[PDB]
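Student: Mind looking over this structure? Questions follow.
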Amino acid sequence: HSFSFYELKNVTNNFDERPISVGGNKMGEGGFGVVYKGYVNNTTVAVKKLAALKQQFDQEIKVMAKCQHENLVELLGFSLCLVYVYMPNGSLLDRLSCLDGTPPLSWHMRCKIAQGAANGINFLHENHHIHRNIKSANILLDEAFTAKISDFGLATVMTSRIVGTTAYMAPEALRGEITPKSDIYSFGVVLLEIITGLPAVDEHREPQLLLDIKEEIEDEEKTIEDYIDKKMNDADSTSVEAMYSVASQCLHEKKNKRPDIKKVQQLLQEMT
Amino acid sequence: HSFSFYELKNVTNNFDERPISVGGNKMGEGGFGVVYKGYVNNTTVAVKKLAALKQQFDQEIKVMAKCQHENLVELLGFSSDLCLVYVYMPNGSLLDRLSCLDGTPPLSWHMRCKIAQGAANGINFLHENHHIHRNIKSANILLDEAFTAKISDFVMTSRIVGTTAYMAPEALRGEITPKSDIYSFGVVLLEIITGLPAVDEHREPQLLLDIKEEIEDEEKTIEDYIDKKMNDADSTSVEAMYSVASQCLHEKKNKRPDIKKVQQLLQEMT
């Protein structure tokens, strides 16, 4: 679908730069532009106005055209601007950290979100795309807390342009390779966030990278039990250990030793 | 020791920016400056003129005053009118010698082993004095007239720019630690074995450290990669050094040996 630039301008209050916290329309910065909350028809939408180009714009639509799935953020249209289905519950990162005082997600709900995110990655890989920025801040949650993968801004093959969020990036990705195996790795870090409720990096924490508690648990210096988010009351040890096992396998340093997204799906389905 | 800026200017030919190989005095660019060949007082010297602070100029002179060792490049003095003066290493870098730059003969296997040892010693001295080098690579390993190894020059969405070829994964993430120095040294051992450069944009694989995966997966053997420009490499000792290299190149920083263990394994090897 195609929107008028006039409409977008106004339904977002001329791109009001103030945070929604204050009553403005500014929802975030990312995906190479700024994201404003807007109202089209009687439905709320997310409006990205591009900033640091046109290649990025055409490319983002080309990838959106092939990839629509239940667990991916649906591109509604365009206008220079882009328009998405609005997800009222924000990022998985926000919810895990209970930002703004929202209630901690239950284990059952966390499990659903992990299955959802994985089905949406499985759809990307089936259709031969790579996301390259799988991280909890890019997993959105709609009104039902369905996982919706977002910010397709970055979606043997090498690249001179190495990019991603380094706390989530696989070692071959860090070196510049481009392969679906790296998405799996990043998803491993996302699972660790879900199990623990801890951010992927914490300057003031030992270890600073969440992905490093994997070694701590292998060397038996720690246990999964030690790291399980305490902000829930329904997380039985069997299914928690089941999900940690998946995370562990995603986090293998040798890309070929990693599960493909489909056995990731199978393992999280078996989890419940 | 301390120098005159103009005597330094004089003996470097007005700091002739042209490279040595066409008759200038520029040897390289590094350590936040340009390095020139100079001569004075019956001493050939290397001069690094800092370019765009003085705390840092005085901060290295601290580091250098402490760290004097047979396998570290020695600081001879300084000028503040900004220049650091070093001992000149007439056989240039390990990289140059591995690549037989300018027609120089290949280094034998036996010599390569000595150099590997010498570098591990210099790295050991650094880590014992709680120093992270951050830039172990074969172009930073100089060779003196006797081919003694002299070590020298010591998270939202983003893109990396750092020279991936030598850097460990945790270092690319931003961690700063001596276990990274070890990983880089592993790449250097692979250079010593293969004669190959760490990265080659027109090679499969581009990064040298990837042959470790090729070998583990039994798609290749370390023999297939042995520098053919040697006639004294016995497979037993080569396989020994390769094993040291493989361990340094461990993907998780805590499974790698510390520099003391690298010294031992390298010693047993001869």
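Naming works like this for the structure tokens: A, B, ... for the chains as they're shown, residue 1 at the start of each chain, ligands 1 onward in shown order.
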I need the chain B residues near chain A as number ranges by chain; criterion: at most 10 Å, counting only C-alpha atoms.
Tutor: B: 155-165, 167-170, 172-175, 201, 204-207, 210, 213, 250-252, 254-255
Student: Name the residues in contact with residue 73 of chain A at a cut-off of 10 Å, using only C-alpha atoms, excluding same-chain residues fewer than 6 positions from it; report them as a count of residues only.
Tutor: 18
Student: Within 8 Å of residue 115 of chain A, counting only C-alpha atoms, which residues qualify if same-chain residues fewer than 5 places away don't, as an mmCIF file with N, CA and C atoms, in the first residue's frame?
Tutor:
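part36.cif, freshly written:
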```
data_model
loop_
_atom_site.group_PDB
_atom_site.id
_atom_site.type_symbol
_atom_site.label_atom_id
_atom_site.label_comp_id
_atom_site.auth_asym_id
_atom_site.auth_seq_id
_atom_site.Cartn_x
_atom_site.Cartn_y
_atom_site.Cartn_z
ATOM 1 N N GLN A 265 13.327 -24.922 16.040
ATOM 2 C CA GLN A 265 11.874 -25.003 16.156
ATOM 3 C C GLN A 265 11.423 -26.292 16.812
ATOM 4 N N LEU A 268 12.207 -26.363 20.654
ATOM 5 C CA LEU A 268 11.328 -25.492 21.443
ATOM 6 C C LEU A 268 9.875 -25.996 21.427
ATOM 7 N N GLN A 269 9.475 -26.704 20.371
ATOM 8 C CA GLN A 269 8.149 -27.320 20.372
ATOM 9 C C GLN A 269 8.138 -28.477 21.384
#
```
Student: What separation in Å, quoted to one decimal, exists between atom CA of residue 230 of chain A and atom CA of residue 104 of chain A?
Tutor: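 Separation between atom CA of residue 230 of chain A and atom CA of residue 104 of chain A: 9.7 Å.
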Student: For the structure I just gave you, how does DSSP split segment 7-242 of chain B - specifically, which residues are strand (DSSP E or B)? Reply as a count of residues only.
Tutor: 43
Student: From a DSSP pass on the backbone, collect the residues of segment 97-260 of chain A flagged as helix (DSSP H, G or I) and hand them back as a ChimeraX atom specification.
Tutor: /A:99-101,107-126,136-138,171-175,180-196,210-218,224-227,237-250,255-257
Student: Export C-alpha atoms of the chosen residues as a PDB file, in the first residue's frame?
Tutor:
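What ended up in selection-v3.pdb:
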```pdb
ATOM      1  CA  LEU A  99      10.692  -1.076  31.951  1.00  0.00           C
ATOM      2  CA  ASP A 100       8.154   1.507  33.140  1.00  0.00           C
ATOM      3  CA  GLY A 101       6.900  -0.929  35.733  1.00  0.00           C
ATOM      4  CA  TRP A 107       7.584 -18.554  31.928  1.00  0.00           C
ATOM      5  CA  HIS A 108       4.686 -19.889  29.841  1.00  0.00           C
ATOM      6  CA  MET A 109       4.470 -16.572  28.018  1.00  0.00           C
ATOM      7  CA  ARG A 110       8.275 -16.497  27.622  1.00  0.00           C
ATOM      8  CA  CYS A 111       8.108 -19.937  26.054  1.00  0.00           C
ATOM      9  CA  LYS A 112       5.469 -18.827  23.584  1.00  0.00           C
ATOM     10  CA  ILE A 113       7.619 -15.811  22.665  1.00  0.00           C
ATOM     11  CA  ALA A 114      10.674 -17.984  22.066  1.00  0.00           C
ATOM     12  CA  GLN A 115       8.607 -20.285  19.764  1.00  0.00           C
ATOM     13  CA  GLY A 116       7.186 -17.257  17.969  1.00  0.00           C
ATOM     14  CA  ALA A 117      10.542 -15.606  17.357  1.00  0.00           C
ATOM     15  CA  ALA A 118      11.962 -18.867  16.065  1.00  0.00           C
ATOM     16  CA  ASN A 119       9.046 -19.429  13.645  1.00  0.00           C
ATOM     17  CA  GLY A 120       9.671 -15.978  12.192  1.00  0.00           C
ATOM     18  CA  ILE A 121      13.382 -16.666  11.786  1.00  0.00           C
ATOM     19  CA  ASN A 122      12.540 -20.024  10.195  1.00  0.00           C
ATOM     20  CA  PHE A 123      10.455 -18.111   7.697  1.00  0.00           C
ATOM     21  CA  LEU A 124      13.358 -15.831   6.823  1.00  0.00           C
ATOM     22  CA  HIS A 125      15.778 -18.714   6.308  1.00  0.00           C
ATOM     23  CA  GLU A 126      13.287 -20.817   4.333  1.00  0.00           C
ATOM     24  CA  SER A 136      15.747  -8.681  22.049  1.00  0.00           C
ATOM     25  CA  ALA A 137      15.322  -4.989  21.259  1.00  0.00           C
ATOM     26  CA  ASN A 138      14.231  -6.020  17.741  1.00  0.00           C
ATOM     27  CA  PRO A 171      32.406 -15.023  15.687  1.00  0.00           C
ATOM     28  CA  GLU A 172      32.228 -15.623  11.903  1.00  0.00           C
ATOM     29  CA  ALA A 173      29.915 -12.608  11.628  1.00  0.00           C
ATOM     30  CA  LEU A 174      32.376 -10.479  13.608  1.00  0.00           C
ATOM     31  CA  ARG A 175      34.984 -11.407  11.029  1.00  0.00           C
ATOM     32  CA  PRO A 180      22.091 -17.868   8.355  1.00  0.00           C
ATOM     33  CA  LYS A 181      24.181 -19.677  10.976  1.00  0.00           C
ATOM     34  CA  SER A 182      24.958 -16.287  12.612  1.00  0.00           C
ATOM     35  CA  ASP A 183      21.289 -15.443  13.153  1.00  0.00           C
ATOM     36  CA  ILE A 184      21.043 -18.724  15.098  1.00  0.00           C
ATOM     37  CA  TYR A 185      23.894 -17.518  17.353  1.00  0.00           C
ATOM     38  CA  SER A 186      22.265 -14.192  18.038  1.00  0.00           C
ATOM     39  CA  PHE A 187      19.035 -16.011  18.819  1.00  0.00           C
ATOM     40  CA  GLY A 188      20.956 -18.005  21.411  1.00  0.00           C
ATOM     41  CA  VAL A 189      21.751 -14.773  23.247  1.00  0.00           C
ATOM     42  CA  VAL A 190      18.074 -13.840  23.061  1.00  0.00           C
ATOM     43  CA  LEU A 191      17.163 -17.132  24.763  1.00  0.00           C
ATOM     44  CA  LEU A 192      19.663 -16.431  27.492  1.00  0.00           C
ATOM     45  CA  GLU A 193      17.930 -13.077  28.052  1.00  0.00           C
ATOM     46  CA  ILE A 194      14.572 -14.853  28.327  1.00  0.00           C
ATOM     47  CA  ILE A 195      15.850 -17.441  30.808  1.00  0.00           C
ATOM     48  CA  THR A 196      17.683 -14.900  32.996  1.00  0.00           C
ATOM     49  CA  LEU A 210      25.688 -12.565  28.835  1.00  0.00           C
ATOM     50  CA  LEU A 211      26.884 -15.083  26.275  1.00  0.00           C
ATOM     51  CA  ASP A 212      29.799 -15.734  28.601  1.00  0.00           C
ATOM     52  CA  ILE A 213      27.733 -17.406  31.337  1.00  0.00           C
ATOM     53  CA  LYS A 214      27.677 -20.380  29.001  1.00  0.00           C
ATOM     54  CA  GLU A 215      31.298 -21.117  29.902  1.00  0.00           C
ATOM     55  CA  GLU A 216      30.570 -20.564  33.586  1.00  0.00           C
ATOM     56  CA  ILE A 217      27.909 -23.284  33.444  1.00  0.00           C
ATOM     57  CA  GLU A 218      30.028 -25.721  31.391  1.00  0.00           C
ATOM     58  CA  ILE A 224      21.363 -22.608  35.242  1.00  0.00           C
ATOM     59  CA  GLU A 225      19.438 -22.407  38.555  1.00  0.00           C
ATOM     60  CA  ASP A 226      21.768 -19.607  39.618  1.00  0.00           C
ATOM     61  CA  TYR A 227      20.852 -17.535  36.604  1.00  0.00           C
ATOM     62  CA  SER A 237      13.366 -26.828  35.954  1.00  0.00           C
ATOM     63  CA  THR A 238      12.735 -29.361  33.216  1.00  0.00           C
ATOM     64  CA  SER A 239      11.497 -26.924  30.576  1.00  0.00           C
ATOM     65  CA  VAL A 240      13.975 -24.254  31.681  1.00  0.00           C
ATOM     66  CA  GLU A 241      16.850 -26.672  31.194  1.00  0.00           C
ATOM     67  CA  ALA A 242      15.293 -27.637  27.876  1.00  0.00           C
ATOM     68  CA  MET A 243      15.424 -24.040  26.669  1.00  0.00           C
ATOM     69  CA  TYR A 244      18.924 -23.462  28.047  1.00  0.00           C
ATOM     70  CA  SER A 245      20.049 -26.498  26.076  1.00  0.00           C
ATOM     71  CA  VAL A 246      18.765 -24.909  22.910  1.00  0.00           C
ATOM     72  CA  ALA A 247      20.518 -21.634  23.717  1.00  0.00           C
ATOM     73  CA  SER A 248      23.734 -23.516  24.353  1.00  0.00           C
ATOM     74  CA  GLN A 249      23.623 -25.248  20.983  1.00  0.00           C
ATOM     75  CA  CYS A 250      22.891 -21.956  19.214  1.00  0.00           C
ATOM     76  CA  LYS A 255      28.971 -22.350  12.915  1.00  0.00           C
ATOM     77  CA  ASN A 256      28.619 -25.821  11.328  1.00  0.00           C
ATOM     78  CA  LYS A 257      28.149 -27.360  14.773  1.00  0.00           C
TER      79      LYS A 257
END
```
Student: Provide the atom CA of residue 199 of chain A to atom CA of residue 153 of chain A distance in Å, to one decimal place.
Tutor: 21.7 Å
Student: Could you give me, as a ChimeraX atom specification, the residues within 7 Å of residue 50 of chain A, counting only C-alpha atoms and dropping anything in the same chain fewer than 6 positions from it?
Tutor: /A:32-34,80-81
Student: Could you save the residues just selected, with N, CA and C atoms, as a CSV table (one decimal), in the first residue's frame?
Tutor:
```
chain,number,residue,atom,x,y,z
A,32,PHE,N,17.5,3.0,10.5
A,32,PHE,CA,18.0,4.1,9.7
A,32,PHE,C,16.9,5.2,9.4
A,33,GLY,N,16.3,5.7,10.5
A,33,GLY,CA,15.4,6.8,10.5
A,33,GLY,C,14.8,7.0,11.9
A,34,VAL,N,13.8,7.8,12.1
A,34,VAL,CA,13.2,7.9,13.4
A,34,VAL,C,11.8,7.4,13.3
A,80,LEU,N,10.7,11.1,2.9
A,80,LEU,CA,10.6,9.7,2.6
A,80,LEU,C,10.3,8.8,3.9
A,81,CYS,N,9.3,8.0,3.8
A,81,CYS,CA,8.8,7.3,5.0
A,81,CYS,C,8.4,5.8,4.8
```
Student: So which residues touch residue 38 of chain A within 12 Å, counting only C-alpha atoms, skipping near sequence neighbours fewer than 3 positions away, as a ChimeraX atom specification?
Tutor: /A:7-16,20,24-27,35,41-49,82-86
Student: Ranking A:261, A:231, A:95, A:77 by minimum distance to residue 130 of chain A and counting only C-alpha atoms, which one comes first?
Tutor: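 Under the stated criterion, the closest residue is A:261.
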Student: Taking into account only C-alpha atoms, which residue in the set B:107, B:72, B:142, B:189 is nearest to residue 231 of chain B?
Tutor: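 Closest to residue 231 of chain B, using only C-alpha atoms: B:107.
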Student: Which neighbours of segment 68-70 of chain B fall inside 9 Å, counting only C-alpha atoms, when residues of the same chain fewer than 6 positions from it are skipped, and could you give them as a list in words?
Tutor: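 Listing them by chain and then by number gives residues 118, 121, 122, 125, 148, 149 and 150 of chain B.
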Student: Write a file of the just-selected residues containing C-alpha atoms, as a compact mmCIF listing (two decimals), in the first residue's frame.
Tutor:
```
# COMPACT_ATOMS: atom_id res chain seq x y z
CA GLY B 118 61.94 -14.86 20.99
CA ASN B 121 59.56 -14.38 25.48
CA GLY B 122 58.92 -10.72 24.73
CA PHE B 125 57.75 -10.07 29.70
CA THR B 148 66.61 -11.84 17.23
CA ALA B 149 62.88 -11.19 17.52
CA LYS B 150 62.13 -7.67 18.84
```
Student: What gap, in Å, lies between atom CA of residue 76 of chain A and atom CA of residue 23 of chain A?
Tutor: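 Atom CA of residue 76 of chain A sits 24.4 Å away from atom CA of residue 23 of chain A.
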Student: If we count only C-alpha atoms, what is near residue 98 of chain B at a cut-off of 9 Å, once residues fewer than 6 positions away on the same chain are taken out, given as a list in words?
Tutor: residues 106, 107, 138, 191, 192, 194, 195, 196 and 197 of chain B
